[PDB]
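Down below is the structure, laid out as structure tokens.
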Amino acid sequence: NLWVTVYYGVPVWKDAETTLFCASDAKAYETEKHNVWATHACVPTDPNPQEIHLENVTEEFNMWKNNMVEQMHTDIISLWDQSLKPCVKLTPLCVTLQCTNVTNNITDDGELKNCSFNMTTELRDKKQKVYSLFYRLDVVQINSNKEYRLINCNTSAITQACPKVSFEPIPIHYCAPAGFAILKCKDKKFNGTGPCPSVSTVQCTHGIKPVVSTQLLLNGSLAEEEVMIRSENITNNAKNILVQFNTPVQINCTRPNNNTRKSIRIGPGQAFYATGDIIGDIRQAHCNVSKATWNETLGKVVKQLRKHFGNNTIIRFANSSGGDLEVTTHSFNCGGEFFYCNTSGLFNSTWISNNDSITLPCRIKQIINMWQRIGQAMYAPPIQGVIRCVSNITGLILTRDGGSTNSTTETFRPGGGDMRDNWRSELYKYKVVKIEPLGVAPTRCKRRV
Amino acid sequence: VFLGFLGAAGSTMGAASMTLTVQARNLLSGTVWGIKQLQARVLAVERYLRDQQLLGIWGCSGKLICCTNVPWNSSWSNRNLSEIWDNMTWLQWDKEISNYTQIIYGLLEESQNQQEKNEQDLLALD
Amino acid sequence: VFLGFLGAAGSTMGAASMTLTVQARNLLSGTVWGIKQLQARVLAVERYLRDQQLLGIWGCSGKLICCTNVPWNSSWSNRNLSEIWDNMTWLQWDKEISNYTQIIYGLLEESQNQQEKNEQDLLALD
Amino acid sequence: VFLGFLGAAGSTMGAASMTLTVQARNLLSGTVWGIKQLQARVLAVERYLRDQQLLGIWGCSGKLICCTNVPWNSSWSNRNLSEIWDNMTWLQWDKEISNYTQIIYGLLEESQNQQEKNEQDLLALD
Amino acid sequence: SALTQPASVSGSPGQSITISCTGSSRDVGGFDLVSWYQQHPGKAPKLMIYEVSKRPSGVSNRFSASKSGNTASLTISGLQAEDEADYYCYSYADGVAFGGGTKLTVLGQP
Ligand SMILES: *[C@@H]1O[C@H](CO)[C@@H](O[C@@H]2O[C@H](CO)[C@@H](O[C@@H]3O[C@H](CO)[C@@H](O)[C@H](O[C@H]4O[C@H](CO)[C@@H](O)[C@H](O)[C@@H]4O)[C@@H]3O)[C@H](O)[C@H]2NC(C)=O)[C@H](O)[C@H]1NC(C)=O
Ligand SMILES: *[C@@H]1O[C@H](CO)[C@@H](O[C@@H]2O[C@H](CO)[C@@H](O[C@@H]3O[C@H](CO)[C@@H](O)[C@H](O[C@H]4O[C@H](CO)[C@@H](O)[C@H](O)[C@@H]4O)[C@@H]3O)[C@H](O)[C@H]2NC(C)=O)[C@H](O)[C@H]1NC(C)=O
Ligand SMILES: *[C@@H]1O[C@H](CO)[C@@H](O[C@@H]2O[C@H](CO)[C@@H](O[C@@H]3O[C@H](CO)[C@@H](O)[C@H](O)[C@@H]3O)[C@H](O)[C@H]2NC(C)=O)[C@H](O)[C@H]1NC(C)=O
Ligand SMILES: *[C@@H]1O[C@H](CO)[C@@H](O[C@@H]2O[C@H](CO)[C@@H](O[C@@H]3O[C@H](CO)[C@@H](O)[C@H](O)[C@@H]3O)[C@H](O)[C@H]2NC(C)=O)[C@H](O)[C@H]1NC(C)=O
Ligand SMILES: *[C@@H]1O[C@H](CO)[C@@H](O[C@@H]2O[C@H](CO)[C@@H](O[C@@H]3O[C@H](CO)[C@@H](O)[C@H](O)[C@@H]3O)[C@H](O)[C@H]2NC(C)=O)[C@H](O)[C@H]1NC(C)=O
Ligand SMILES: *[C@@H]1O[C@H](CO)[C@@H](O[C@@H]2O[C@H](CO)[C@@H](O)[C@H](O)[C@H]2NC(C)=O)[C@H](O)[C@H]1NC(C)=O
Ligand SMILES: *[C@@H]1O[C@H](CO)[C@@H](O[C@@H]2O[C@H](CO)[C@@H](O)[C@H](O)[C@H]2NC(C)=O)[C@H](O)[C@H]1NC(C)=O
Ligand SMILES: *[C@@H]1O[C@H](CO)[C@@H](O[C@@H]2O[C@H](CO)[C@@H](O)[C@H](O)[C@H]2NC(C)=O)[C@H](O)[C@H]1NC(C)=O
Ligand SMILES: *[C@@H]1O[C@H](CO)[C@@H](O)[C@H](O)[C@H]1NC(C)=O
Ligand SMILES: *[C@@H]1O[C@H](CO)[C@@H](O)[C@H](O)[C@H]1NC(C)=O
Ligand SMILES: *[C@@H]1O[C@H](CO)[C@@H](O)[C@H](O)[C@H]1NC(C)=O
Ligand SMILES: *[C@@H]1O[C@H](CO)[C@@H](O)[C@H](O)[C@H]1NC(C)=O
Ligand SMILES: *[C@@H]1O[C@H](CO)[C@@H](O)[C@H](O)[C@H]1NC(C)=O
Ligand SMILES: *[C@@H]1O[C@H](CO)[C@@H](O)[C@H](O)[C@H]1NC(C)=O
Ligand SMILES: *[C@@H]1O[C@H](CO)[C@@H](O)[C@H](O)[C@H]1NC(C)=O
Ligand SMILES: *[C@@H]1O[C@H](CO)[C@@H](O)[C@H](O)[C@H]1NC(C)=O
Ligand SMILES: *[C@@H]1O[C@H](CO)[C@@H](O)[C@H](O)[C@H]1NC(C)=O
Ligand SMILES: *[C@@H]1O[C@H](CO)[C@@H](O)[C@H](O)[C@H]1NC(C)=O
Ligand SMILES: *[C@@H]1O[C@H](CO)[C@@H](O)[C@H](O)[C@H]1NC(C)=O
Ligand SMILES: *[C@@H]1O[C@H](CO)[C@@H](O)[C@H](O)[C@H]1NC(C)=O
Ligand SMILES: *[C@@H]1O[C@H](CO)[C@@H](O)[C@H](O)[C@H]1NC(C)=O
Ligand SMILES: *[C@@H]1O[C@H](CO)[C@@H](O)[C@H](O)[C@H]1NC(C)=O
Ligand SMILES: *[C@@H]1O[C@H](CO)[C@@H](O)[C@H](O)[C@H]1NC(C)=O
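Protein chains in written order, with the authors' numbering: chain B, 33 to 141, 152 to 185, 187 to 309, 312 to 321, 321A, 322 to 398, 411 to 505; chain E, 518 to 547, 569 to 664; chain F, 518 to 547, 569 to 664; chain D, 518 to 547, 569 to 664; chain K, 2 to 9, 11 to 27, 27A to 27C, 28 to 94, 96 to 110.
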């Protein structure tokens, strides 16, 4: 006769979700720099990334229903506020600003407002007449010369990110607790959302930099020997096409002007770091990209993008339609200060059948409200000296638009304002499962009495 | 063989019985944003105790191997021993038995420990 | 019987001896004001192991049933079996024995394990 | 003897073999600045369950005593019984043998429970 | 419009009629996002049908519809005098394309 036998420790898991803790590296732990934004007390990473490969295994991965990006996104947001609460508050900052244009000649565009305003000094009785150099995107004229005020100083309480911390994305390993295991789908050609032949049980996710770049993803994992385009629903034109590049595209961004710090005291012992006089020549920010590589990179995408739409169709790249400045342009932070680059010269081509660099006009913006947390706006202090920062473009957040009149041609546009798409470009090959070691099976075994 | 955690997950059930020791030890793994690990490692200890309590309430009281007097009912996907222990894996096994696992626990803990321990208690009554 | 948690509380000790299974499975239950659910399940994982440790340190190592070699001192309400196992219930039982249970816990582990389990070793090393 | 927790610390291993029931009972102990006690009582139970899991995955499944079939390798401080159980204490013992405990545990679990438990299963399968 | 509708459907109360939304292979056959609106003459359109057959709460349940391959259809049960309005079909043909519309008449001339 057959008797049921209990087996403990069996290799059995089920798709589930849980609170994934972190794991940071100890090689850069000496670089606390007074609690860098992301990692302060993150547990030290495992010295050995012990990953186990599995055979005769299949798992129905789904990068668009993945519960890890939801946990990572709310983690980054909650971790962001806890880095701003101990910083300085700039509620007394926005008074009527007598902003005049900086010392320049004709053919400026603006973009540099020399604002002078009364500021409460340490002593409540005395006041201080101090000036600063704000950007056009930070001030708006309220309505003698013109008077301005901070743009987000209605609506929201502006808060200055205290500059002791930094913004450089440090790799984060989202690790699962005991009883949970993260499965790394090591397959090459896999747009997520399907079965995975090669599933690897890894300790946890690889080093993931919490970068905020929207379109033109930066500091991202390269594709698998071929540009990987991932969409929740190809037919759904709105679905953001996540184009994972296989070869890193160089990009050189530069804050060309030499600005100084002011640290204007508004407290007792609270200092609004303001932009002093810009020493040197007055230029505007830009981001360079090798035209030889970018042309070749986009072409490699069209060859892959033509697979999902007819045998041969006309793929067109046009600059963003409209919206907030963080979607129409390429919003990202490299050297602690945020600047937005319009990138109209990056999506310009039109593909039918088959030395220089592009310079992108960039606009700098200090009063920031990322994640659209209305009522909570951040002020980014200036950075002394020029800001040169070279990153690797490894992604593209494209959106499709078409009247679909017989589907003769197709136009692809950039976008991806939501920051979950920045995480799905790294959290697509991972998923967490809870181990179910309790198992029953029939066997001729039978205990005694 | 020691193929690491979940080493032989895809292997045959007969061969997957020789790797239960690596996954039995890894089931325990030895402010703000620190609440994640503190609420996770309190979930890990509470989860492992749930399986250990079940392993105790049943007639096992033992690690990685247990045999009970509950006869295998034909309604629970009646097959043969060779058709299961070598043609299937632990992954495929529960996927078809995920109907009675809650009630299989029932008759295996009620009719066994409330009976064979009471029968053992009255056997030593003399 | 499956009469839920504490189903046979008022039942006599003889009848309530067969419902220990349901009262053992439910002893584990599988911001501000959200600390209530956290600090409670930390108290449950620790309270459950408070008994599981004593149940292991004693000469039982088993579940729901245990017999030892410590003779019952008549000072602890010397009565007959039917006077207790059929006349009394568990609530009235400990209420009259909750005087000396601290010394019964010590004799169950000191005089049993450090004597018999140690005698078990000399039975194997001889 | 009951000399309190760690009472027989400096005593010989032969005499400290009877106080094991003591140093086990005291292994579980029944806002701001109050996070300390919660984190500590979570770490305590996690460490205790880690040790209990290590003990269970061995051929012991019980406390205060254990035996197995793994032979004492002659490289691991080849001495005599009185030369260890009467010439040293547990402190000097683990100090001089704070080399091989990990591999000893690994062998104890692998070579025994992945072999002797399946051996019992196959000898009861007949 | 990319959707082909009958011009107008007339009828009498108490009876039942059917209005069809005949389209290509990319609007009704390619997707299951067929929808129907109710626009009273001079008022704003109101939705009564929005899935192959799933409808919202504010709509006479009598109104039901389905999808037959490359042809859609909406049937009207229990015709009443309040239904004297037009109805437009809506499906996702890789975009938003509406139907030509059909003016409904009950207890009245065509
Ligand atoms: C805090 O300050 C910011 C910046 O001033 C403010 O956001 C702006 O608010 C104004 C309204 O106060 C918005 O103005 C509108 O913009 C649109 C698009 O350009 C225009 O079409 C609007 O023009 C008219 O449109 C209609 C014409 O019939 C009518 O509604 C009316 O006549 C309008 O005048 C109008 O100019 C502006 O787009 C935003 N955007 C910016 C620049 O941030 C924010 O609302 C303030 N928060 C408060 C008041 O709490
Ligand atoms: C992708 O990864 C790259 C990795 O290099 C990353 O670029 C670097 O980011 C850091 C941090 O923002 C940049 O560091 C600063 O850069 C400026 C200009 O080069 C320096 O002046 C800074 O040095 C100091 O001196 C300043 C003047 O006194 C101080 O204000 C400041 O506090 C410092 O003491 C500092 O090095 C760095 O330049 C870039 N680039 C490179 C090549 O390192 C990039 O941002 C990542 N991209 C994304 C989207 O995350
Ligand atoms: C924006 O406007 C402000 C205010 O006018 C400019 O700052 C001021 O610039 C003048 C020179 O044009 C400074 O004057 C000189 O200061 C030195 C200080 O040691 C003094 O020795 C000289 O005799 C002379 O007074 C002035 O101090 C400075 N700041 C203030 C508070 O007035 C600012 O330069 C303008 N922006 C740019 C980029 O030019
Ligand atoms: C996407 O590409 C188009 C390319 O046409 C960009 O359009 C151009 O944008 C500039 C800046 O807004 C316009 O310049 C201004 O136009 C007005 C009106 O003619 C003029 O008075 C100003 O002096 C200035 O020249 C320009 O006209 C407009 N179109 C043309 C003809 O180039 C568009 O801005 C790009 N979008 C993004 C998001 O980058
Ligand atoms: C994106 O979403 C669309 C809409 O749900 C998905 O469309 C569906 O695609 C499948 C094929 O992958 C179609 O299945 C086939 O349909 C024909 C006609 O009915 C039938 O004869 C075949 O046997 C088969 O069932 C399905 O019909 C179609 N949806 C509808 C409502 O027509 C599309 O697949 C999604 N794309 C991705 C990448 O997930
Ligand atoms: C700081 O406060 C003083 C208060 O008097 C402001 O001074 C007046 O400013 C207006 C506008 O420029 C002039 O018309 C008046 O003549 C000024 N009065 C005096 C007595 O100087 C001053 O402008 C404020 N500064 C800023 C930029 O906020
Ligand atoms: C991004 O930069 C491009 C640079 O070409 C801008 O487009 C041009 O803007 C100038 C502004 O005077 C116009 O004269 C040109 O006709 C525009 N088009 C071309 C083809 O050069 C574009 O507007 C910028 N986008 C922004 C600022 O959002
Ligand atoms: C930005 O400009 C300042 C000012 O020129 C540079 O710092 C020094 O400033 C003093 C006082 O004016 C000069 O005597 C030094 O020669 C300056 N040093 C240099 C190297 O310019 C500052 O270094 C500049 N920052 C950058 C990144 O160019
Ligand atoms: C001065 O300020 C106005 C208003 O912001 C702006 O239009 C103009 O370009 C600025 N510069 C010059 C040179 O007038
Ligand atoms: C790619 O992603 C789409 C998302 O809808 C999914 O339908 C498809 O099956 C995926 N393909 C693979 C290789 O899994
Ligand atoms: C960026 O600068 C480096 C160093 O000069 C150069 O090697 C690289 O090609 C540049 N990238 C671009 C986009 O021009
Ligand atoms: C872009 O580069 C690719 C690769 O060299 C080439 O095939 C393609 O024709 C180029 N496109 C244009 C417009 O020059
Ligand atoms: C974008 O393409 C147009 C031609 O279609 C060109 O005139 C324009 O200069 C390009 N963008 C940039 C920023 O060079
Ligand atoms: C591109 O630059 C980023 C900067 O953080 C770096 O992480 C990445 O590894 C670089 N690309 C490659 C392929 O090395
Ligand atoms: C796949 O099956 C083979 C059968 O011999 C087994 O050895 C292997 O371990 C299986 N895959 C895994 C890693 O479970
Ligand atoms: C076996 O299955 C039958 C039908 O579902 C059921 O009546 C019977 O109680 C089952 N026996 C066991 C051992 O559970
Ligand atoms: C068990 O099987 C029945 C059909 O016999 C089914 O209705 C029920 O949903 C199943 N329960 C599961 C799969 O948990
Ligand atoms: C209480 O006593 C009544 C009468 O003897 C009996 O029917 C009932 O089952 C008892 N309840 C319990 C909990 O023992
Ligand atoms: C039995 O009771 C007597 C009187 O209280 C006491 O002296 C003695 O120690 C007890 N024996 C045991 C086994 O506890
Ligand atoms: C313990 O026993 C003594 C003597 O019988 C009695 O006086 C006392 O009340 C008891 N304590 C209890 C029952 O808690
Ligand atoms: C020290 O040794 C004596 C015997 O020589 C023993 O009685 C005593 O308990 C030992 N101390 C400790 C702490 O064990
Ligand atoms: C005994 O020690 C030797 C090294 O001296 C080692 O090679 C061997 O495997 C050990 N044997 C056991 C039983 O661990
Ligand atoms: C084990 O012994 C070797 C040889 O003496 C030594 O090198 C090593 O450090 C020891 N490991 C310990 C004490 O953990």
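From the three backbone atoms N, C-alpha and C, an ideal C-beta is built for every residue, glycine too.
Answer with buried or exposed for residue i, where buried requires no fewer than 16 other C-beta atoms within 10 angstroms of its C-beta.
i: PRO438(B); result: buried
i: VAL242(B); result: buried
i: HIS66(B); result: exposed
i: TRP610(D); result: exposed
i: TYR638(F); result: exposed
May I ask which residues mark the beginning and end of the alpha helix (DSSP H) holding residue i?
i: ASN543(E); result: No alpha helix (DSSP H) holds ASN543(E); DSSP gives it neither H nor E.
i: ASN656(D); result: 654-663
i: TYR586(F); result: 573-595
Determine the direct distance from the alpha carbon of residue j to that of residue i, and round the result to whole angstroms.
i: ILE641(E); j: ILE19(K); result: 53 Å
i: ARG350(B); j: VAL270(B); result: 13 Å
i: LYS490(B); j: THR51(B); result: 12 Å
i: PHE391(B); j: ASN332(B); result: 14 Å
i: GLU91(B); j: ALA316(B); result: 54 Å
i: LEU602(D); j: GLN652(F); result: 8 Å
i: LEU260(B); j: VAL89(B); result: 32 Å
i: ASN448(B); j: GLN293(B); result: 5 Å
i: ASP664(F); j: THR536(D); result: 22 Å
i: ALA497(B); j: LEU34(B); result: 10 Å
i: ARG456(B); j: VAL518(E); result: 51 Å
i: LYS487(B); j: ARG542(E); result: 22 Å
Is residue i helix, strand or coil when you go by DSSP?
i: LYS252(B); result: coil
i: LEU629(E); result: helix
i: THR639(F); result: helix
i: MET434(B); result: strand
i: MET104(B); result: helix
i: residue 1(K); result: Because residue 1(K) is not part of the residues shown, which for chain K are 2 to 110, the question remains open.
Considering only the alpha carbon of each residue, which of the options lies closest to residue i?
i: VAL608(E); options: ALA224(B), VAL36(B), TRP395(B); result: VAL36(B)
i: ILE396(B); options: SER375(B), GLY441(B), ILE359(B); result: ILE359(B)
i: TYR435(B); options: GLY380(B), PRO417(B), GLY441(B), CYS418(B); result: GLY380(B)
i: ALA204(B); options: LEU452(B), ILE326(B), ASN425(B), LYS502(B); result: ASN425(B)
For the beta strand (DSSP E) holding residue i, just list the boundary residues, first then last.
i: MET47(K); result: 44-48
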